[PDB]
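Quick notes on the structure that follows.
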Amino acid sequence: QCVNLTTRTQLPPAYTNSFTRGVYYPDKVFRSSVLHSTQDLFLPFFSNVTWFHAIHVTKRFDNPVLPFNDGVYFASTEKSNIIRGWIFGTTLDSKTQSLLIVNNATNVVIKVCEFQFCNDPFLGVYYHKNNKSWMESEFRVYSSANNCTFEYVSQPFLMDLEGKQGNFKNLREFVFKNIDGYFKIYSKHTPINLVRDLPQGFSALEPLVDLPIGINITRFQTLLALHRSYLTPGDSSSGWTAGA
Amino acid sequence: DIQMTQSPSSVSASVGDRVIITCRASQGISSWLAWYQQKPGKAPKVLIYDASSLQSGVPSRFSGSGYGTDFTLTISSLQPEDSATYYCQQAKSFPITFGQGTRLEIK
Amino acid sequence: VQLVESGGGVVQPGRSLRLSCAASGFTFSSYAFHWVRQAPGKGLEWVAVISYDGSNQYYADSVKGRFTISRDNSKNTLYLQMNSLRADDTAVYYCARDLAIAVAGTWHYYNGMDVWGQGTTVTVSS
Amino acid sequence: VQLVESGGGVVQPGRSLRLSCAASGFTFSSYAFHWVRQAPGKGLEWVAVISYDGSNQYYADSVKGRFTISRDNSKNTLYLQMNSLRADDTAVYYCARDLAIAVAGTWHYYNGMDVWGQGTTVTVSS
Amino acid sequence: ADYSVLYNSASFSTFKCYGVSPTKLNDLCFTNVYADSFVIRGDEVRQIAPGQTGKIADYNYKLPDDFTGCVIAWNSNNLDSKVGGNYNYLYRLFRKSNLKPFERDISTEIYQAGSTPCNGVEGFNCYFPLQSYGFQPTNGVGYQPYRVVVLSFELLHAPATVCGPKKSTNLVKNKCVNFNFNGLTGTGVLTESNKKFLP
Amino acid sequence: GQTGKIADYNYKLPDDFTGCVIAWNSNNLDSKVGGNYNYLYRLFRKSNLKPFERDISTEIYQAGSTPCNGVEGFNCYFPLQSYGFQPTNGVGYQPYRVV
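Chains as they are written, first to last, in our numbering: chain H, 106 to 349; chain U, 4 to 110; chain D, 4 to 129; chain V, 4 to 129; chain L, 38 to 236; chain B, 39 to 137.
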């Protein structure tokens with residue numbers, strides 16, 4: 106299903122500042138009460154970090170495409186776990202091996218199969234009283250995976266598990282890098298109490314996973330859950346909200 | 004000595020109905036199964052041999068496939084002339100074993 | 004293709020019988036035959052087989068030791084000697100034929116049953 | 004082990020002849036073979052050699068162009084065809100086997116004569 | 038790839054191998070390993086040896102020359118060769134030239150051996166290429182091809198993906214010695230600690 | 039150090055060798071039509087040998103696949119192995135004489 110959703114509202118992209126954030130452990134070496142000088146790929150201090158938002162208030166569903174040049178510092182701030190995962194690849198036409206990190210219903214699942222990416226690949230959940238669970242009946246990311254080379258299932262991260270829209274508490278940092286046919290992911294979680302923006306603080310990101318995929322990555326997309334509910338009654342193709 | 008089983012034992016349908024019969028072998032007999040259809044007062048006749056072929060002359064309504072242990076016979080339309088009994092048979096080696104039997108009815 | 008059967012008996016307590024099933028409508032010397040019994044209302048059971056050349060014979064577990072098979076190409080007919088008669092041997096016997104699969108110019112047997120005869124209801128009593 | 008030879012000719016002026024030698028008691032395919040000529044009282048002569056696989060066959064200076072050799076392992080027999088025979092072709096023909104030496108499991112041919120046949124006399128006149 | 042189970046409990050009799058034995062393979066590091074198994078003449082299962090010649094499989098389907106392999110020839114009576122028969126070994130038996138290793142030349146057409154093709158008639162100078170083994174419940178082990186596994190001993194420059202050593206040795210403390218942990222080597226005496234590492 | 043490693047199972051020169059190697063062709067007389075097979079070259083050994091050794095011990099060791107005890111069926115043969123000189127050969131298969 107290529108769905109090809111519509112009703113897109115335009116606003117300029119907003120920027121904000123990186124207040125001493127985006128530092129990860131470069132190696133697996135232990136040190137104590139020392140100052141160490143390292144030379145590597147980092148997020149510079151006080152840089153301009155973009156501010157993507159998704160609130161209905163006017164739609165503002167936010168699933169652009171981005172380039173992958175040397176690495177990415179991703180940060181999310183929310184409470185309802187609106188975001189699901191990330192999708193990586195060069196051509197995105199099922200001719201080049203891609204990557205499909207998804208939180209899924211139960212556990213984090215990873216593939217390296219080629220996927221027939223439509224114009225608008227995304228995920229969503231449905232809302233009804235027939236079953237209490239909010240099933241991920243939306244699987245409109247590809248059509249047929251001809252062949253695969255890797256596959257993984259791991260432990261999903263744990264959160265506040267709050268299905269509300271109060272003040273933000275869940276803050277997640279991630280760093281994605283790719284060198285020498287090796288795909289590295291670092292991450293961290295930090296509880297916060299703020300309406301928006303980022304706090305003034307420092308914390309280092311611990312290595313999360315390494316992948317020996319040996320593939321080529323140039324383009325980036327995010328995958329967010331289009332949680333349909335009674336707030337936007339109507340058919341699936343036109344009535345849908347992305348929450349906050 | 005392979006013990007060779009067929010299920011079910013009693014189903015009913017009429018004219019435009021599709022039915023399914025399961026049949027199991029104790030060992031791995033691969034694609035060697037023979038399907039028959041025995042009238043109460045007439046000798047049995049073969050329908051499907053080698054687990055994929057269909058005997059020249061049998062109507063193409065019957066269709067079955069399988070390899071190894073489990074086998075499935077699917078009848079798209081139960082026209083009111085197939086109310087008979089079906090037996091399986093494995094041809095791996097001696098002794099030849101038949102099925103327990105399945106009886107059809109008309110609803 | 005047609006198979007005829009004969010040799011019925013109303014009562015046979017512990018005696019000797021000789022059934023015979025003939026073949027007509029095809030080459031009798033390029034096919035193998037069978038004997039498949041059937042109790043009155045029970046399932047279907049096989050008891051004996053003769054190879055197409057007739058040098059090799061096989062029987063069943065409860066059949067071996069008492070039943071003998073024979074065949075003749077001059078009369079295109081095979082016979083079954085049937086002895087040591089118990090009270091629980093009543094059934095309906097049939098004469099059958101093997102399917103011959105031809106692949107790459109080679110003929111093979113032991114693939115199913117194609118031709119069936121009329122059938123003989125063989126019963127024993129006291 | 005034994006070799007048999009046949010194909011003599013009482014007179015072959017400008018005719019075709021066939022000499023045949025067969026082997027018994029050993030494998031015919033695992034050895035190369037020689038055809039040997041002997042003049043009436045002169046030194047021993049060689050006319051042709053056939054290999055074990057038959058890929059390489061060799062003849063002589065006066066043999067090439069008029070004589071032919073061949074083998075067949077199904078019948079364990081090898082043959083020599085004689086064409087355009089001059090009056091000086093009267094001799095005795097022999098069919099012989101080649102010595103094979105096994106060094107470190109590797110066999111080596113074309114070493115010498117081990118087994119000799121009886122010898123068939125072929126005479127030519129006018 | 039833990040080749041340990043290959044020699045841990047096995048009874049492969051009449052084993053020949055040219056090159057390096059598959060056992061104790063963790064010493065050597067490589068990227069790609071190939072094991073090629075194919076179907077051959079049923080009567081030549083005992084006759085497969087380096088060199089030599091033969092009428093069959095020499096001018097129609099040539100075996101690889103200078104083949105570097107590891108013949109583990111163990112007989113099988115229950116893994117394969119199921120009783121009654123089997124029809125899966127279908128390949129061309131007649132051709133004018135050789136065949137390269139793993140050449141998939143299958144066609145429903147009637148192969149023409151002579152100079153004049155036959156018009157689908159069973160006559161002279163015309164033979165069908167495809168052939169099916171006449172397997173029988175008592176066919177015999179000399180005619181039913183029993184698989185003999187063989188590998189490819191080859192080298193190629195590439196970064197290793199399937200590779201890793203393991204030796205294992207008891208851990209000795211309070212005695213200085215040369216040591217080799219995973220990758221890191223050195224010399225000294227090892228004692229218990231109270232330092233706390235991150236996971 | 040030029041390897042040709044079977045020849046370094048056979049004959050090895052030291053790292054600081056001083057002297058001259060001389061080789062020439064002998065296709066005319068070392069290899070000829072009709073068998074030439076009398077040279078053997080020790081297919082493989084148990085370990086590399088130090089410079090200027092002979093290693094004439096040629097016995098069926100019980101090492102390799104399994105303890106053979108002289109069976110020779112598991113490549114335990116004293117690995118003097120084959121000869122491999124024929125008049126045609128390739129350009130790099132002829133016999134050479136070297137001092």
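Think of the CB as a built atom: it goes at the ideal place given N, C-alpha and C, for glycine as much as any other residue.
Cβ of residue i within 8 angstroms of any chain V Cβ
i: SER120 (chain B); result: yes
i: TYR115 (chain B); result: yes
i: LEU78 (chain B); result: yes
Cβ of residue i within 8 angstroms of any chain L Cβ
i: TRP38 (chain U); result: no
i: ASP101 (chain V); result: no
i: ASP75 (chain V); result: no
i: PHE112 (chain B); result: yes
i: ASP92 (chain V); result: no
i: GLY42 (chain B); result: no
i: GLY102 (chain B); result: yes
i: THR30 (chain D); result: no
Between the CA atoms of residue j and residue i - distance to the nearest angstrom
i: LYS88 (chain B); j: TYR47 (chain B); result: 9 angstroms
i: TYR257 (chain H); j: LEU316 (chain H); result: 10 angstroms
i: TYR62 (chain V); j: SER54 (chain V); result: 12 angstroms
i: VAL129 (chain B); j: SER69 (chain B); result: 14 angstroms
i: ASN127 (chain B); j: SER58 (chain V); result: 16 angstroms
i: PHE36 (chain D); j: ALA103 (chain D); result: 11 angstroms
i: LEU51 (chain B); j: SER58 (chain L); result: 29 angstroms
i: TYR90 (chain U); j: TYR112 (chain D); result: 20 angstroms
i: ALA107 (chain D); j: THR145 (chain L); result: 11 angstroms
i: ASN112 (chain L); j: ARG129 (chain L); result: 26 angstroms
i: residue 239 (chain L); j: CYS66 (chain L); result: This structure cannot speak to residue 239 (chain L), because chain L is shown only from 38 to 236.
One or two residues paired with residue i in a DSSP bridge
i: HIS294 (chain H); result: H:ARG277
i: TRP110 (chain D); result: D:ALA105
i: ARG21 (chain D); result: D:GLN84
i: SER73 (chain D); result: D:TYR82
i: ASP315 (chain H); result: H:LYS289
i: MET7 (chain U); result: U:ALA28
i: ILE51 (chain U); result: U:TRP38, U:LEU57
Short CB-CB distance (under 8 angstroms) between residue i and chain B
i: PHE52 (chain L); result: yes
i: residue 1 (chain L); result: Any property of residue 1 (chain L) remains undetermined from this structure, which presents chain L solely from 38 to 236.
Per-residue burial, residue i [other beta carbons within 10 Å of its own, 16 or more giving buried]
i: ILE143 (chain L); result: exposed
i: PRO166 (chain L); result: buried
i: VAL59 (chain B); result: exposed
i: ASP53 (chain B); result: exposed
i: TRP119 (chain D); result: buried
i: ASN114 (chain D); result: buried
i: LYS216 (chain H); result: buried
i: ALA309 (chain H); result: exposed
i: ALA61 (chain B); result: exposed
i: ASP101 (chain D); result: buried
i: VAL134 (chain H); result: exposed
Sequence-distant residues of the same chain with beta carbon closer than 6 angstroms to residue i, five excluded per side
i: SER79 (chain U); result: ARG21, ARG64
i: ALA25 (chain V); result: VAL7, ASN79, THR80
i: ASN66 (chain B); result: none
Residue-chain proximity (residue i, chain U), Cβ-Cβ < 8 angstroms
i: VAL178 (chain L); result: no
i: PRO174 (chain L); result: yes
i: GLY115 (chain D); result: yes
i: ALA51 (chain D); result: no
8 angstroms Cβ shell around residue i - same chain, five flanking residues per side excluded
i: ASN168 (chain H); result: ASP225, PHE227, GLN326, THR327, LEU328, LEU329
i: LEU127 (chain L); result: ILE143, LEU167, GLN168, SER169
i: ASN76 (chain B); result: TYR121
i: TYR99 (chain B); result: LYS84, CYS106, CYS114, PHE116
Cβ-heavy atom distance, residue i to the ligand ZN, below 7 angstroms
i: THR182 (chain H); result: No copy of the ligand ZN appears in this structure; indeed no ligand is present at all.
is_contact[residue i, chain D] using C-beta, thresh 8 angstroms
i: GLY122 (chain L); result: yes
i: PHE101 (chain U); result: yes
Sequence-distant residues of the same chain with beta carbon closer than 7 angstroms to residue i, five excluded per side
i: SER23 (chain V); result: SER9, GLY10, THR80, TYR82
i: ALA28 (chain U); result: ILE5, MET7, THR72, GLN93
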